[PDB]
Amino acid sequence: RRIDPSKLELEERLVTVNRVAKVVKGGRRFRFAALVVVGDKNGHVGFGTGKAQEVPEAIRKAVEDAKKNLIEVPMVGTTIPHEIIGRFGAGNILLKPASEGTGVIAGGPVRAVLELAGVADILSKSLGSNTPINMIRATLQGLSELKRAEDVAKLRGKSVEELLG
Amino acid sequence: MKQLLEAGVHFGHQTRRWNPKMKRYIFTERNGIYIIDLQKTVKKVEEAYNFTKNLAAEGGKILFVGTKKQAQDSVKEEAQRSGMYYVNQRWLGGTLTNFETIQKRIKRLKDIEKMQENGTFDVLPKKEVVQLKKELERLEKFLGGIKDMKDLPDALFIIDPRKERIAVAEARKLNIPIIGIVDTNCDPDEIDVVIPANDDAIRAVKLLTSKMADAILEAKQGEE
Amino acid sequence: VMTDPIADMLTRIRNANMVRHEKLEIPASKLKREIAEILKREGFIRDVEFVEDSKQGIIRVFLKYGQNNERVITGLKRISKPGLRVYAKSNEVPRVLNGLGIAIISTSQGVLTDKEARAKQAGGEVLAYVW
Amino acid sequence: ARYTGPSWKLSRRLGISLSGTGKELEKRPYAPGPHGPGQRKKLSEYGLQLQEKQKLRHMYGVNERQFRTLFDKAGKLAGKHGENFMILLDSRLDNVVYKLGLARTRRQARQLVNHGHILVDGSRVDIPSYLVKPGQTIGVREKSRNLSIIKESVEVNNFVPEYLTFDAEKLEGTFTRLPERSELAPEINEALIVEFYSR
RNA sequence: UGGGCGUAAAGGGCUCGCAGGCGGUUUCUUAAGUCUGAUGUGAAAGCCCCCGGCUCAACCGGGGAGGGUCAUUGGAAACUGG
């Protein structure tokens, strides 16, 4: 990456929470499951899937799991540098660059992680399954996929920022 | 730095079990067993030498994993010589990952060790102290290596990554660089600094860990 | 059944990126060597060298690789295909992947990059996109 | 339509003194209604959207269709959306009036415009929503210069906006230049108000 | 543009084959498709752009833009076609 340091506190806004039940002989045990994601609004974003019987335990497990990973999330001109398609779990999602005045345009929790990106504007659209979990894993796998054009320009000896835009 | 003569008996090891990805390290087939290319070993051991030399200045701790028979015997003496912490037998799950629970474990070891002499004896009924003593005997072997460590290692050594591929997966789950010898049946990608050489021979682990412990003892010799 | 040598060369270079071999061979054509020269200009690939043998062939292509791992190209696709003709007016040509990507557009003046095509103001068939 | 309710209660619904700024709120910290003593619950995202739009709305008192009109016409404009939108709201005559200090609140200023107290380029304009061209003058008109309420407004002092200018001795002021977004400091986000109308 | 077909709906029981669709490489030529300039028209109103006028607005008007596997004609030869 290299590595994954976690040295900055966040509000850690929640994206999802839902109760879950499992059959057992003599009854139905209950355990809660909550997804929460972290983002410094400085271009770093991470995700945390935390399930527990107790809600503070679930959200805090989601906090530590969010702490476990972060994404570089490139941002040229206060927006994502390039358009991307990202399927996952039969859950595709499309993202595109937008005008600075366009604002953030997406679904709920994906708008949440995008607000955690700190980006002022974005185009986005869900595809396939509507379930929030795969939408987050796909949107963030796509954020991991993202790289600055200037970075790829650094990767090879041609010229800095070829095409204008 | 390792000399060619030291590599003179260590040539060759696994066959049939070989991973294709490591084919570049392979020189040519003979009889059945493949022969490792010695020059590539000189290069990788060279980079490993400069790297291990770089770690000594940092003061960073290093792990010496060892589980396999007729190989674990060497890492013990090499670690006692280096003074560095080590693993005698099978690696326990989460010893690198759980961190704090294992710290509770070494804390318990330190507690019972105090129980040996402070006067806990001749107070508790004999059956209980007899039970806890055997439990401590269960502790000393697995924890003899844990006694020298507490912080997470800057790097870790391994005598056979395929045996330790899950522990290697844990170190990759972290950010720790991994030095270690690698066989043809093992995958190079898991190890950023591979050492293509045989490990099943006692001498195989012995000479490599000897050159490594010598590089460490030499690099640390300056102190000041 | 060898329906199109150029798309075949594209699955060759994509599979080559997938397998990370240093080099691979392709059958000769000037149409192929020209766009390969265009990739040589773009620098995504390190080198290309033909080796004559009767009659056609055989070019050997050397994939470039990054200093810090990572595939040099994150994507490659041939929008043009038999059984579906495509055309592009000079102002209508997309700038794929924004400023990083480049079009490979054959024109009356020959194969051209989207920047050079925009400068020449020359339209033509869009052979493929690489990014 | 516009005004008919308490309006102060509406500001209580906001939880913020805007507008403002003269609302106290502190006198009754609790939210309006029985549920106000209890701790606030987080709003639904779309509910936060409508709450934000309405929060931007109460300071103006502007009608839904008209506010939407200024919105999409602002979006038709090239450049920053929130800047053109906020400056479009700031282009309204009654806002220039209240910011000029003619009134304690924008609604009575709209009533004073409705009376036609306020000349534009020396010409009377009874419509509050009238567009403010740059360099246009704004005055109390010579016939209306003597009134206790207007003088009561003039006697109070307040800091002038950089984009406007004014002189009490001439009882007259004007729109010197188009406002920067940096000059104004609304409590409301503009990315959020452009967010509400996604379609 | 912008979905599939092992097990959720969905590969024809298999094959021979007309029409149809697609089709290796080198070279020359043709200019049908294509790319490009010019010209003719594609009414006005209306939509869009910059402005003016009913006190703003609606509404109204000025110029410009927009819109054709469009037509006519001069060129471009890489691709596809002959």
# chains A, B, ... in the order shown; residues from 1 in each chain; ligands from 1
call {"tool": "residues_around", "arguments": {"residues": "residue 126 (chain A)", "least_positions_apart": "6", "cutoff": "9 Å", "atoms": "only C-alpha atoms (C1' of nucleotides)", "output": "PyMOL selection string"}}
result
chain A and resi 91-94+106-107+135
call {"tool": "residues_around", "arguments": {"residues": "residue 163 (chain B)", "least_positions_apart": "3", "cutoff": "9 Å", "atoms": "only C-alpha atoms (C1' of nucleotides)", "output": "PyMOL selection string"}}
result
chain B and resi 67-68+159-160+166-167
call {"tool": "residues_around", "arguments": {"residues": "residue 117 (chain C)", "least_positions_apart": "6", "cutoff": "8 Å", "atoms": "only C-alpha atoms (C1' of nucleotides)", "output": "JSON, numbers by chain"}}
result
{"C": [90, 105, 123]}
call {"tool": "write_last_selection", "arguments": {"atoms": "C-alpha atoms", "output": "mmCIF file, in the first residue's frame"}}
result
data_model
loop_
_atom_site.group_PDB
_atom_site.id
_atom_site.type_symbol
_atom_site.label_atom_id
_atom_site.label_comp_id
_atom_site.auth_asym_id
_atom_site.auth_seq_id
_atom_site.Cartn_x
_atom_site.Cartn_y
_atom_site.Cartn_z
ATOM 1 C CA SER C 90 -13.553 14.299 -35.065
ATOM 2 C CA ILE C 105 -8.061 5.806 -33.965
ATOM 3 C CA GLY C 123 -11.846 11.495 -37.975
#
call {"tool": "residues_around", "arguments": {"residues": "region 18-22 of chain C", "least_positions_apart": "2", "cutoff": "12 Å", "atoms": "only C-alpha atoms (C1' of nucleotides)", "output": "list in words"}}
result
residues 21 and 24 of chain B; 11, 12, 13, 14, 15, 16, 24, 25, 45, 46, 47, 48, 60, 61, 62, 63, 64, 65, 66, 69, 70, 71, 72, 73, 74, 75 and 76 of chain C
call {"tool": "residues_around", "arguments": {"residues": "residue 96 (chain C)", "least_positions_apart": "2", "cutoff": "10 Å", "atoms": "only C-alpha atoms (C1' of nucleotides)", "output": "PyMOL selection string"}}
result
(chain A and resi 82-83) or (chain C and resi 93-94+98-103+114+129-131)
call {"tool": "write_last_selection", "arguments": {"atoms": "N, CA, C and O atoms", "output": "PDB file, in the first residue's frame"}}
result
ATOM      1  N   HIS A  82     -11.299   9.786 -12.142  1.00  0.00           N
ATOM      2  CA  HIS A  82     -11.812   9.110 -13.328  1.00  0.00           C
ATOM      3  C   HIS A  82     -13.004   8.197 -13.036  1.00  0.00           C
ATOM      4  O   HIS A  82     -13.171   7.713 -11.916  1.00  0.00           O
ATOM      5  N   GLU A  83     -13.836   7.984 -14.052  1.00  0.00           N
ATOM      6  CA  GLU A  83     -15.019   7.134 -13.935  1.00  0.00           C
ATOM      7  C   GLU A  83     -14.654   5.661 -13.806  1.00  0.00           C
ATOM      8  O   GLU A  83     -13.663   5.207 -14.382  1.00  0.00           O
TER       9      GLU A  83
ATOM     10  N   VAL C  93     -15.252  12.258 -30.648  1.00  0.00           N
ATOM     11  CA  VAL C  93     -14.420  11.247 -30.005  1.00  0.00           C
ATOM     12  C   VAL C  93     -14.269  11.492 -28.501  1.00  0.00           C
ATOM     13  O   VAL C  93     -13.880  12.579 -28.070  1.00  0.00           O
ATOM     14  N   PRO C  94     -14.614  10.475 -27.695  1.00  0.00           N
ATOM     15  CA  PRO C  94     -14.459  10.483 -26.237  1.00  0.00           C
ATOM     16  C   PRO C  94     -13.001  10.542 -25.786  1.00  0.00           C
ATOM     17  O   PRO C  94     -12.127  10.002 -26.462  1.00  0.00           O
ATOM     18  N   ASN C  98     -10.530  10.052 -18.855  1.00  0.00           N
ATOM     19  CA  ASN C  98     -10.119  11.453 -18.866  1.00  0.00           C
ATOM     20  C   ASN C  98      -8.751  11.686 -19.511  1.00  0.00           C
ATOM     21  O   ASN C  98      -8.528  11.318 -20.662  1.00  0.00           O
ATOM     22  N   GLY C  99      -7.843  12.310 -18.766  1.00  0.00           N
ATOM     23  CA  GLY C  99      -6.561  12.703 -19.320  1.00  0.00           C
ATOM     24  C   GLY C  99      -5.497  11.624 -19.412  1.00  0.00           C
ATOM     25  O   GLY C  99      -4.500  11.800 -20.111  1.00  0.00           O
ATOM     26  N   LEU C 100      -5.699  10.506 -18.719  1.00  0.00           N
ATOM     27  CA  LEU C 100      -4.675   9.465 -18.673  1.00  0.00           C
ATOM     28  C   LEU C 100      -4.773   8.559 -19.900  1.00  0.00           C
ATOM     29  O   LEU C 100      -3.760   8.217 -20.510  1.00  0.00           O
ATOM     30  N   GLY C 101      -5.994   8.179 -20.257  1.00  0.00           N
ATOM     31  CA  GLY C 101      -6.212   7.265 -21.363  1.00  0.00           C
ATOM     32  C   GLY C 101      -6.010   7.911 -22.718  1.00  0.00           C
ATOM     33  O   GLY C 101      -6.075   9.134 -22.845  1.00  0.00           O
ATOM     34  N   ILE C 102      -5.767   7.085 -23.731  1.00  0.00           N
ATOM     35  CA  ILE C 102      -5.619   7.567 -25.101  1.00  0.00           C
ATOM     36  C   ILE C 102      -6.351   6.652 -26.082  1.00  0.00           C
ATOM     37  O   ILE C 102      -6.332   5.428 -25.944  1.00  0.00           O
ATOM     38  N   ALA C 103      -7.017   7.258 -27.058  1.00  0.00           N
ATOM     39  CA  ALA C 103      -7.683   6.502 -28.110  1.00  0.00           C
ATOM     40  C   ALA C 103      -6.687   6.005 -29.151  1.00  0.00           C
ATOM     41  O   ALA C 103      -5.649   6.626 -29.379  1.00  0.00           O
ATOM     42  N   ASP C 114      -5.725  10.141 -29.693  1.00  0.00           N
ATOM     43  CA  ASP C 114      -6.859  11.101 -29.601  1.00  0.00           C
ATOM     44  C   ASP C 114      -6.392  12.565 -29.505  1.00  0.00           C
ATOM     45  O   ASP C 114      -7.111  13.465 -29.992  1.00  0.00           O
ATOM     46  N   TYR C 129      -9.341   1.084 -27.428  1.00  0.00           N
ATOM     47  CA  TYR C 129      -8.932   1.942 -26.324  1.00  0.00           C
ATOM     48  C   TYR C 129      -8.045   1.175 -25.345  1.00  0.00           C
ATOM     49  O   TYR C 129      -8.298   0.007 -25.033  1.00  0.00           O
ATOM     50  N   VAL C 130      -7.009   1.857 -24.861  1.00  0.00           N
ATOM     51  CA  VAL C 130      -6.075   1.294 -23.892  1.00  0.00           C
ATOM     52  C   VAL C 130      -5.932   2.269 -22.728  1.00  0.00           C
ATOM     53  O   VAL C 130      -5.809   3.475 -22.942  1.00  0.00           O
ATOM     54  N   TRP C 131      -5.953   1.760 -21.498  1.00  0.00           N
ATOM     55  CA  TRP C 131      -5.876   2.633 -20.329  1.00  0.00           C
ATOM     56  C   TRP C 131      -5.322   1.929 -19.092  1.00  0.00           C
ATOM     57  O   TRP C 131      -5.254   0.705 -19.015  1.00  0.00           O
TER      58      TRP C 131
END
call {"tool": "residues_around", "arguments": {"residues": "residue 122 (chain A)", "least_positions_apart": "3", "cutoff": "10 Å", "atoms": "only C-alpha atoms (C1' of nucleotides)", "output": "PyMOL selection string"}}
result
chain A and resi 78-80+83+95-106+111+114+119
call {"tool": "write_last_selection", "arguments": {"atoms": "N, CA and C atoms", "output": "mmCIF file, in the first residue's frame"}}
result
data_model
loop_
_atom_site.group_PDB
_atom_site.id
_atom_site.type_symbol
_atom_site.label_atom_id
_atom_site.label_comp_id
_atom_site.auth_asym_id
_atom_site.auth_seq_id
_atom_site.Cartn_x
_atom_site.Cartn_y
_atom_site.Cartn_z
ATOM 1 N N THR A 78 -10.737 18.192 -6.183
ATOM 2 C CA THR A 78 -11.809 17.951 -5.215
ATOM 3 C C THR A 78 -12.884 17.026 -5.771
ATOM 4 N N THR A 79 -12.457 16.044 -6.558
ATOM 5 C CA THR A 79 -13.360 15.030 -7.089
ATOM 6 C C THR A 79 -12.575 13.789 -7.498
ATOM 7 N N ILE A 80 -13.272 12.669 -7.668
ATOM 8 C CA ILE A 80 -12.632 11.445 -8.138
ATOM 9 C C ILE A 80 -12.084 11.655 -9.550
ATOM 10 N N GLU A 83 -13.836 7.984 -14.052
ATOM 11 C CA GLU A 83 -15.019 7.134 -13.935
ATOM 12 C C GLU A 83 -14.654 5.661 -13.806
ATOM 13 N N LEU A 95 -19.520 4.901 -11.025
ATOM 14 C CA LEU A 95 -19.128 6.204 -10.490
ATOM 15 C C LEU A 95 -18.510 7.061 -11.588
ATOM 16 N N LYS A 96 -18.827 8.353 -11.597
ATOM 17 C CA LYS A 96 -18.255 9.263 -12.586
ATOM 18 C C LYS A 96 -17.863 10.616 -11.996
ATOM 19 N N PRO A 97 -16.843 11.260 -12.588
ATOM 20 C CA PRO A 97 -16.482 12.648 -12.281
ATOM 21 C C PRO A 97 -17.604 13.616 -12.636
ATOM 22 N N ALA A 98 -17.741 14.693 -11.870
ATOM 23 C CA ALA A 98 -18.813 15.653 -12.102
ATOM 24 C C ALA A 98 -18.334 17.087 -11.915
ATOM 25 N N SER A 99 -19.140 18.033 -12.387
ATOM 26 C CA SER A 99 -18.854 19.452 -12.220
ATOM 27 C C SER A 99 -18.854 19.804 -10.740
ATOM 28 N N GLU A 100 -18.060 20.803 -10.368
ATOM 29 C CA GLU A 100 -17.880 21.156 -8.965
ATOM 30 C C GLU A 100 -19.186 21.583 -8.294
ATOM 31 N N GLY A 101 -20.093 22.167 -9.067
ATOM 32 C CA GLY A 101 -21.378 22.579 -8.538
ATOM 33 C C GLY A 101 -22.418 21.477 -8.468
ATOM 34 N N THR A 102 -22.132 20.337 -9.093
ATOM 35 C CA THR A 102 -23.102 19.249 -9.191
ATOM 36 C C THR A 102 -23.457 18.669 -7.822
ATOM 37 N N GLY A 103 -22.483 18.658 -6.918
ATOM 38 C CA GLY A 103 -22.692 18.120 -5.587
ATOM 39 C C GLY A 103 -22.595 16.607 -5.568
ATOM 40 N N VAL A 104 -22.815 16.016 -4.398
ATOM 41 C CA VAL A 104 -22.758 14.565 -4.250
ATOM 42 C C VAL A 104 -24.052 13.910 -4.720
ATOM 43 N N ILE A 105 -23.930 12.934 -5.616
ATOM 44 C CA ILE A 105 -25.088 12.240 -6.173
ATOM 45 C C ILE A 105 -24.916 10.728 -6.053
ATOM 46 N N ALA A 106 -25.590 10.121 -5.079
ATOM 47 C CA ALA A 106 -25.466 8.681 -4.853
ATOM 48 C C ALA A 106 -26.606 8.122 -4.005
ATOM 49 N N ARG A 111 -23.276 7.342 -0.182
ATOM 50 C CA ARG A 111 -23.110 8.779 0.011
ATOM 51 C C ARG A 111 -22.410 9.030 1.328
ATOM 52 N N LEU A 114 -18.781 8.404 0.760
ATOM 53 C CA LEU A 114 -18.308 9.496 -0.089
ATOM 54 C C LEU A 114 -18.157 10.814 0.673
ATOM 55 N N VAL A 119 -15.057 14.436 -0.607
ATOM 56 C CA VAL A 119 -15.246 14.911 -1.970
ATOM 57 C C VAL A 119 -16.495 15.789 -2.074
#
call {"tool": "residues_around", "arguments": {"residues": "residue 173 (chain B)", "least_positions_apart": "2", "cutoff": "12 Å", "atoms": "only C-alpha atoms (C1' of nucleotides)", "output": "number ranges by chain"}}
result
A: 3-4, 68-69; B: 94, 96-97, 165-171, 175-178, 190
call {"tool": "interface_residues", "arguments": {"of": "chain D", "to": "chain A", "cutoff": "9 Å", "atoms": "only C-alpha atoms", "output": "CSV table (one decimal) with N, CA, C and O atoms, in the first residue's frame"}}
result
chain,number,residue,atom,x,y,z
D,45,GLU,N,-32.3,10.7,6.4
D,45,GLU,CA,-31.5,11.4,5.5
D,45,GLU,C,-32.4,12.4,4.6
D,45,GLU,O,-32.0,13.6,4.5
D,75,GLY,N,-29.2,26.8,-11.6
D,75,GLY,CA,-28.5,25.7,-12.0
D,75,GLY,C,-28.2,25.7,-13.5
D,75,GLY,O,-27.3,25.1,-14.0
D,79,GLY,N,-21.0,27.8,-14.1
D,79,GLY,CA,-20.1,28.0,-13.0
D,79,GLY,C,-20.6,27.3,-11.7
D,79,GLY,O,-21.4,26.3,-11.8
D,80,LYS,N,-20.1,27.8,-10.5
D,80,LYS,CA,-20.5,27.1,-9.3
D,80,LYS,C,-22.0,27.2,-9.1
D,80,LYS,O,-22.6,28.2,-9.2
D,81,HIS,N,-22.6,26.1,-8.7
D,81,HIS,CA,-24.0,26.0,-8.5
D,81,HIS,C,-24.5,26.7,-7.2
D,81,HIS,O,-25.5,27.5,-7.3
D,82,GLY,N,-23.8,26.5,-6.1
D,82,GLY,CA,-24.2,27.1,-4.9
D,82,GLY,C,-23.9,28.5,-4.8
D,82,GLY,O,-24.6,29.3,-4.1
D,83,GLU,N,-22.9,29.0,-5.5
D,83,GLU,CA,-22.5,30.4,-5.6
D,83,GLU,C,-23.6,31.2,-6.4
D,83,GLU,O,-24.1,32.2,-5.9
D,190,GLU,N,-24.5,24.6,1.1
D,190,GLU,CA,-25.0,24.8,-0.2
D,190,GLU,C,-24.9,23.5,-1.1
D,190,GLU,O,-25.7,23.2,-2.0
D,191,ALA,N,-24.0,22.6,-0.7
D,191,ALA,CA,-23.9,21.3,-1.3
D,191,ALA,C,-25.1,20.5,-1.0
D,191,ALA,O,-25.5,19.6,-1.7
D,192,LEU,N,-25.6,20.8,0.2
D,192,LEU,CA,-26.8,20.0,0.7
D,192,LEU,C,-28.1,20.5,0.0
D,192,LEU,O,-28.9,19.7,-0.3
D,194,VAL,N,-28.2,21.9,-2.9
D,194,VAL,CA,-28.2,21.4,-4.3
D,194,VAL,C,-28.4,19.8,-4.3
D,194,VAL,O,-28.9,19.3,-5.2
D,195,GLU,N,-28.0,19.2,-3.2
D,195,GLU,CA,-28.2,17.8,-3.0
D,195,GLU,C,-29.7,17.4,-2.9
D,195,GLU,O,-30.1,16.3,-3.4
D,198,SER,N,-31.9,16.4,-6.3
D,198,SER,CA,-31.4,15.4,-7.2
D,198,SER,C,-32.5,14.7,-7.9
D,198,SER,O,-33.5,14.4,-7.3
call {"tool": "closest_atom_pairs", "arguments": {"of": "chain E", "to": "chain C", "cutoff": "6 Å", "atoms": "only C-alpha atoms (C1' of nucleotides)", "output": "tab-separated table"}}
result
residue	atom	partner	partner_atom	distance
E:23	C1'	C:3	CA	5.5
E:35	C1'	C:123	CA	5.0
E:76	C1'	C:108	CA	5.9
E:77	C1'	C:108	CA	5.9
E:78	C1'	C:110	CA	4.5
call {"tool": "write_last_selection", "arguments": {"atoms": "C-alpha atoms (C1' of nucleotides)", "output": "PDB file, in the first residue's frame"}}
result
ATOM      1  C1'   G E  23     -13.652 -13.915 -42.726  1.00  0.00           C
ATOM      2  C1'   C E  35     -13.053  11.254 -42.832  1.00  0.00           C
ATOM      3  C1'   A E  76      -8.036  12.649 -47.684  1.00  0.00           C
ATOM      4  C1'   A E  77      -6.401   6.387 -48.975  1.00  0.00           C
ATOM      5  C1'   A E  78      -5.481   4.042 -43.116  1.00  0.00           C
TER       6        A E  78
END
call {"tool": "interface_residues", "arguments": {"of": "chain E", "to": "chain D", "cutoff": "9 Å", "atoms": "only C-alpha atoms (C1' of nucleotides)", "output": "PyMOL selection string"}}
result
chain E and resi 55-57
call {"tool": "write_last_selection", "arguments": {"atoms": "N, CA and C atoms (P, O5', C5', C4', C3', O3' and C1' of nucleotides)", "output": "PDB file, in the first residue's frame"}}
result
ATOM      1  P     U E  55     -45.841  48.181 -16.417  1.00  0.00           P
ATOM      2  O5'   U E  55     -44.463  47.730 -15.756  1.00  0.00           O
ATOM      3  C5'   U E  55     -43.353  48.614 -15.696  1.00  0.00           C
ATOM      4  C4'   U E  55     -42.526  48.362 -14.461  1.00  0.00           C
ATOM      5  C3'   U E  55     -42.206  46.901 -14.172  1.00  0.00           C
ATOM      6  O3'   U E  55     -41.105  46.411 -14.914  1.00  0.00           O
ATOM      7  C1'   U E  55     -43.031  47.915 -12.213  1.00  0.00           C
ATOM      8  P     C E  56     -41.218  44.995 -15.664  1.00  0.00           P
ATOM      9  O5'   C E  56     -40.624  43.950 -14.618  1.00  0.00           O
ATOM     10  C5'   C E  56     -39.272  44.028 -14.194  1.00  0.00           C
ATOM     11  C4'   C E  56     -38.959  42.984 -13.153  1.00  0.00           C
ATOM     12  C3'   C E  56     -39.216  41.541 -13.556  1.00  0.00           C
ATOM     13  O3'   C E  56     -38.167  40.988 -14.332  1.00  0.00           O
ATOM     14  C1'   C E  56     -40.120  41.938 -11.407  1.00  0.00           C
ATOM     15  P     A E  57     -38.496  40.142 -15.658  1.00  0.00           P
ATOM     16  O5'   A E  57     -39.325  38.891 -15.124  1.00  0.00           O
ATOM     17  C5'   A E  57     -38.736  37.943 -14.245  1.00  0.00           C
ATOM     18  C4'   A E  57     -39.782  37.080 -13.591  1.00  0.00           C
ATOM     19  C3'   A E  57     -40.726  36.351 -14.535  1.00  0.00           C
ATOM     20  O3'   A E  57     -40.176  35.153 -15.050  1.00  0.00           O
ATOM     21  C1'   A E  57     -41.989  37.445 -12.876  1.00  0.00           C
TER      22        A E  57
END
call {"tool": "select_by_dssp", "arguments": {"residues": "chain A", "states": "strand (DSSP E)", "output": "MDAnalysis selection string"}}
result
chainID A and resid 14:24 27:39 45:52 84:85 93:96 123:126
call {"tool": "closest_atom_pairs", "arguments": {"of": "chain A", "to": "chain C", "cutoff": "9 Å", "atoms": "only C-alpha atoms", "output": "JSON lines"}}
result
{"residue": "A:81", "atom": "CA", "partner": "C:98", "partner_atom": "CA", "distance": 7.9}
{"residue": "A:82", "atom": "CA", "partner": "C:97", "partner_atom": "CA", "distance": 5.6}
{"residue": "A:83", "atom": "CA", "partner": "C:97", "partner_atom": "CA", "distance": 6.6}
{"residue": "A:84", "atom": "CA", "partner": "C:97", "partner_atom": "CA", "distance": 8.6}
{"residue": "A:148", "atom": "CA", "partner": "C:100", "partner_atom": "CA", "distance": 8.9}
{"residue": "A:149", "atom": "CA", "partner": "C:100", "partner_atom": "CA", "distance": 5.4}
{"residue": "A:150", "atom": "CA", "partner": "C:100", "partner_atom": "CA", "distance": 8.1}
{"residue": "A:152", "atom": "CA", "partner": "C:100", "partner_atom": "CA", "distance": 7.9}
{"residue": "A:153", "atom": "CA", "partner": "C:100", "partner_atom": "CA", "distance": 7.8}
{"residue": "A:155", "atom": "CA", "partner": "C:66", "partner_atom": "CA", "distance": 6.3}
{"residue": "A:156", "atom": "CA", "partner": "C:43", "partner_atom": "CA", "distance": 7.1}
{"residue": "A:157", "atom": "CA", "partner": "C:43", "partner_atom": "CA", "distance": 7.3}
{"residue": "A:158", "atom": "CA", "partner": "C:43", "partner_atom": "CA", "distance": 6.7}
{"residue": "A:161", "atom": "CA", "partner": "C:99", "partner_atom": "CA", "distance": 7.1}
{"residue": "A:162", "atom": "CA", "partner": "C:99", "partner_atom": "CA", "distance": 6.4}
{"residue": "A:163", "atom": "CA", "partner": "C:99", "partner_atom": "CA", "distance": 4.4}
{"residue": "A:164", "atom": "CA", "partner": "C:99", "partner_atom": "CA", "distance": 6.0}
{"residue": "A:165", "atom": "CA", "partner": "C:99", "partner_atom": "CA", "distance": 6.0}
call {"tool": "atom_distance", "arguments": {"atom1": "CA of residue 86 (chain A)", "atom2": "CA of residue 134 (chain A)"}}
result
10.5 Å
call {"tool": "closest_residue", "arguments": {"among": "A:112, A:75, A:127, A:62", "to": "chain E", "atoms": "only C-alpha atoms (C1' of nucleotides)"}}
result
A:127
call {"tool": "closest_residue", "arguments": {"among": "A:139, A:42, A:124, A:49", "to": "residue 10 (chain A)", "atoms": "only C-alpha atoms"}}
result
A:42
call {"tool": "atom_distance", "arguments": {"atom1": "CA of residue 193 (chain B)", "atom2": "CA of residue 85 (chain B)"}}
result
20.3 Å
call {"tool": "select_by_dssp", "arguments": {"residues": "region 30-64 of chain C", "states": "alpha helix (DSSP H)", "output": "number ranges by chain"}}
result
C: 30-42
